[PDB]
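Structure, as structure tokens:
Residue numbering restarts at 1 for every chain, and letters A, B, ... go by the order of the sequence lines.
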2 protein chains.
Amino acid sequence: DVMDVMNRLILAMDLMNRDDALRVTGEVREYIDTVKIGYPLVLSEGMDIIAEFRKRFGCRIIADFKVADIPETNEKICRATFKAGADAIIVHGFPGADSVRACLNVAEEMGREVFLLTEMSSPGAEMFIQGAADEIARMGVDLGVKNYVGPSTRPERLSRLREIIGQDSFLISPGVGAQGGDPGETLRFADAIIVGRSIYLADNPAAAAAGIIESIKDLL
Amino acid sequence: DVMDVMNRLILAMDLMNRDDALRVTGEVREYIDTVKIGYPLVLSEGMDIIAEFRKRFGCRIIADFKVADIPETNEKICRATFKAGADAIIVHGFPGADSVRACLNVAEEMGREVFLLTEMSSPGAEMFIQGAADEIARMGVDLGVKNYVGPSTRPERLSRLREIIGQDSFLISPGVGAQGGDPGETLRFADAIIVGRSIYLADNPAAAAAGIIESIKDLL
Ligand SMILES: O=c1cc(O)n([C@@H]2O[C@H](COP(=O)(O)O)[C@@H](O)[C@H]2O)c(=O)[nH]1
Ligand SMILES: O=c1cc(O)n([C@@H]2O[C@H](COP(=O)(O)O)[C@@H](O)[C@H]2O)c(=O)[nH]1
């Protein structure tokens, strides 16, 4: 019933030029079937990059756009994003339920998925988001959200998120590697890990990906 | 000093195709020298839409990207956005001080401006954002933020935001027209109002803009 991510590993492709992004993704293609594409790449190379990734790799694409506007604008963003061929979109929960529902409506209309971001992995998340995160997660459950994002850098917060959403929901988690999160510990709670710089800034991205997978091989 | 916004009126250009967006913006050019371009237009037409607006109208451009990621990704978003020619970018404060600081550092390096969004005008903002809003504003002031966005639909919140940031800071305010905010009342606190649908969906956008301006004539 959930998305099936090869090797429980999602590449965060945040390189900002097309040649490098395509080359690095190609180098690791044997290890993944799911790529997270965000604004660094999209605002540098255009939304057409999504269709190009599908043409070259036949990977699923999660548009990490941290959608965080009013309902009317969220609807337009989701429509433009899914028109470009994204399979899923990541939406902030902090702006409230109506803004999430606007995204859920468009995803249902176009055959796509919404991922609800509940607590972020960066230190500043402790200031405002963390105190609201359990409530944001319960809001997700109330709204029928099935896909969530929570922080590798705080395994106790990631475990709590898993507790709230249940074992049947799908949970992906960034902050692995460069931000300090451990792949194996994160996969105790998340279905899949998101990895960016540890792979795409590596001297040998293929070896970097292979190494991460080796470290979690008994979890696959 | 602050940006000199003609008629205290900023167009929210959220049409999603180049031809309509260009037509409507040209139609109101005599009334407005400041245009807010967001993701509905950018994700539909590309970042080169900024260049096209600068070429056709010479209007100032505020990139309404509600930047809301970790510091490292925020930096990349700001760099790409200013590279494309945006005068300013709008940033969420709820992800915390580090994420805002990342944007400020890029804006300082590149000679551009950050606007901090503290609370939103839509109903769901009451769930989580509102209760953090005074503190998000105070954080902005502590970080040296000079430009702010606050909600016309909540006068008590907009007035408190103005108090916190002081009279010298620059404050712009959406939610006027379609969302119910009143132009004159909003300008008691905001330096400028942001107006989208009331203008861009009008049979005659020029007449719509002229009508808004006539209603606030004594405030100019
Ligand atoms: O809380 C979050 C949510 C994210 O989407 N991300 C995203 O996940 C990726 C993490 O990449 P990296 O492995 O290079 O730290 C980035 O694209 C970032 O924007 C994050 O780091 N923390
Ligand atoms: O709190 C906020 C912050 C915004 O940027 N906006 C933006 O301001 C514009 C409002 O447009 P309109 O006048 O059509 O309601 C939209 O682009 C929206 O994304 C808002 O409505 N409320």
Side-chain angles (χ1 to χ4, degrees), chain A residues 124 127-128, chain B residues 1-12 32-36 59-67 74 78 81-82 86-121 125 129-176 181-195 212-213 216-220:
Chain A
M127 292 185 62
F128 310 112
Chain B
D1 66 330
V2 297
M3 60 165 63
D4 189 346
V5 175
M6 177 174 302
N7 292 316
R8 301 179 73 180
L9 176 63
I10 298 173
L11 175 66
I32 294 171
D33 65 2
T34 305
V35 177
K36 187 176 75 63
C59 54
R60 290 185 205 90
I61 300 292
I62 298 170
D64 183 8
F65 289 177
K66 290 190 179 61
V67 185
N74 277 12
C78 292
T81 298
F82 296 141
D87 293 273
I89 193 169
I90 298 172
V91 176
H92 263 297
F94 76 82
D98 56 358
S99 287
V100 175
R101 186 175 301 108
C103 298
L104 291 169
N105 288 341
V106 177
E108 181 181 8
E109 176 182 336
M110 305 182 66
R112 303 292 164 83
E113 298 197 281
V114 166
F115 281 66
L116 183 66
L117 174 60
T118 57
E119 186 180 348
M120 303 175 58
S121 63
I129 298 186
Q130 186 168 84
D134 288 357
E135 188 171 0
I136 297 173
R138 194 164 73 252
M139 175 192 71
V141 176
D142 186 69
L143 290 175
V145 176
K146 300 187 303 296
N147 304 289
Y148 297 82
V149 184
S152 69
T153 50
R154 295 204 194 81
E156 71 289 354
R157 305 298 307 134
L158 187 67
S159 61
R160 180 60 188 137
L161 170 62
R162 166 60 76 188
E163 287 173 12
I164 294 165
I165 68 183
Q167 307 302 321
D168 291 344
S169 296
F170 193 65
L171 174 59
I172 66 175
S173 184
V176 175
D182 179 80
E185 283 300 302
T186 304
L187 290 175
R188 287 171 59 186
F189 312 110
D191 294 277
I193 51 175
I194 294 162
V195 180
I212 288 165
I213 293 170
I216 63 171
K217 186 184 185 70
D218 294 335
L219 309 181
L220 301 181

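The side-chain heavy atoms of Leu116(B) and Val149(B), taken from C-beta on, include no pair separated by under 4.5 Å. The shortest side-chain heavy-atom distance between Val114(B) and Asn147(B) does not fall under the 4.5 Å cut-off. Using a 4.5 Å cut-off on side-chain heavy atoms (C-beta onward), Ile165(B) and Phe170(B) make no contact. Within the 4.5 Å cutoff, side-chain heavy atoms of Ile62(B) are placed close to those of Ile10(B).
The side chain to side chain contact (heavy atoms under 4.5 Å, CB included) with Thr186(B) is formed by just one residue from the set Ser173(B), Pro174(B), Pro155(B); it is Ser173(B).
Between the OH atom in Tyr148(B) and the CD1 atom in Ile90(B) there is a gap of 14.0 Å [rounded to 0.5 Å]. For the atom pair CG (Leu104(B)) and CD (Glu109(B)), the distance works out to 13.0 Å, reported to the nearest 0.5 Å. The CE atom of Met127(A) sits 5.5 Å away from atom CE of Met139(B), with the distance rounded to the nearest 0.5 Å. Between the OG1 atom of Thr81(B) and the CG atom of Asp87(B) there is a distance of 12.0 Å, given to the nearest 0.5 Å. Separating the OG1 atom in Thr118(B) from the CZ atom in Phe94(B) is a distance of 12.5 Å, to the nearest 0.5 Å. Atom CG in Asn74(B) sits 11.0 Å away from atom CG in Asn105(B) (nearest 0.5 Å).
Distance alone, capped at 3.5 Å, places no donor-acceptor pair between the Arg112(B) side chain and the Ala107(B) backbone. Here the side chain of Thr153(B) pairs no donor or acceptor atom with the backbone of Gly175(B) at under 3.5 angstrom. Judged purely by atom type and a 3.5 angstrom limit, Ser99(B) has no side-chain atom pairing as donor or acceptor with the backbone of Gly96(B). Distance alone, capped at 3.5 Å, is enough to place a donor-acceptor pair between the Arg154(B) side chain and the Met120(B) backbone. In terms of modelled atom types and a separation under 3.5 Å, the side chain of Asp182(B) and the main chain of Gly184(B) share a donor-acceptor contact. In this structure a side-chain-to-backbone donor-acceptor pair under 3.5 Å is present from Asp33(B) to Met6(B). Distance alone, capped at 3.5 Å, is enough to place a donor-acceptor pair between the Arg60(B) side chain and the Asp4(B) backbone. When atom types are taken as modelled, the side chain of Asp98(B) and the backbone of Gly124(A) share a donor-acceptor pair closer than 3.5 angstrom.
Residues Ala88(B) and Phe115(B) approach most closely at CB-CE1, 3.7 Å, considering heavy atoms. Taking each heavy atom of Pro151(B) and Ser121(B) in turn, the nearest pair found is CB-CA, 3.6 Å. Contact detail for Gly150(B) and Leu161(B): the closest heavy-atom pair is CA-CD2, 3.7 Å. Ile194(B) and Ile172(B) get closest at one heavy-atom pair: CD1-CD1, 3.7 Å. Residues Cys103(B) and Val91(B) come closest through the heavy atom pair SG-CG2, 3.7 Å. Looking at every heavy atom in both residues, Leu171(B) comes nearest to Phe189(B) through CD2-O, 3.6 Å.
Taking a cutoff of 4.0 Å between a charged side-chain nitrogen and a carboxylate oxygen, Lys36(B) and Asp64(B) qualify as a salt bridge. In summary, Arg8(B) and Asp191(B) do not engage in a salt bridge, as defined by a charged side-chain N under 4.0 Å from a carboxylate O.
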**Message:** Before you tell me yes or no, could you show the steps for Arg162(B) and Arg188(B) under side chain to side chain contact (heavy atoms under 4.5 Å, CB included), namely the whole-Å CA-CA distance, both residues' side-chain angles and the distance that decides it to 0.1 Å?
**Reply:** CA-CA 10 Å; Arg162(B) 166 60 76 188; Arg188(B) 287 171 59 186; over 6 Å; no

**Asked** Where do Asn7(B) and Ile32(B) land on the side chain to side chain contact (heavy atoms under 4.5 Å, CB included) test, with the steps shown first?
**Response** CA-CA 7 Å; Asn7(B) 292 316; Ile32(B) 294 171; over 6 Å; no

**Request:** Evaluate the criterion side chain to side chain contact (heavy atoms under 4.5 Å, CB included) for residue pair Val195(B) and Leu11(B); output intermediate values, then yes/no.
**Result:** CA-CA 5 Å; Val195(B) 180; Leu11(B) 175 66; over 6 Å; no

Could you give the side-chain donor-acceptor pairs of residues 130-137 of chain B under 3.5 Å, partners two or more places apart or in another chain?
from      : atom 1 : to        : atom 2 : distance (Å)
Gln130(B) : NE2    : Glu119(B) : OE2    : 2.9
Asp134(B) : OD1    : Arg157(B) : NH1    : 3.1
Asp134(B) : OD1    : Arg157(B) : NH2    : 2.8

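Here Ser169(B) pairs with nothing under the side-chain hydrogen bond (donor to acceptor under 3.5 Å, both in side chains) rule; sequence neighbours left out.
Annotation for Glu108(B): atom CD does not count as buried by contact number, only 12 or fewer foreign heavy atoms lying within 6.0 Å.
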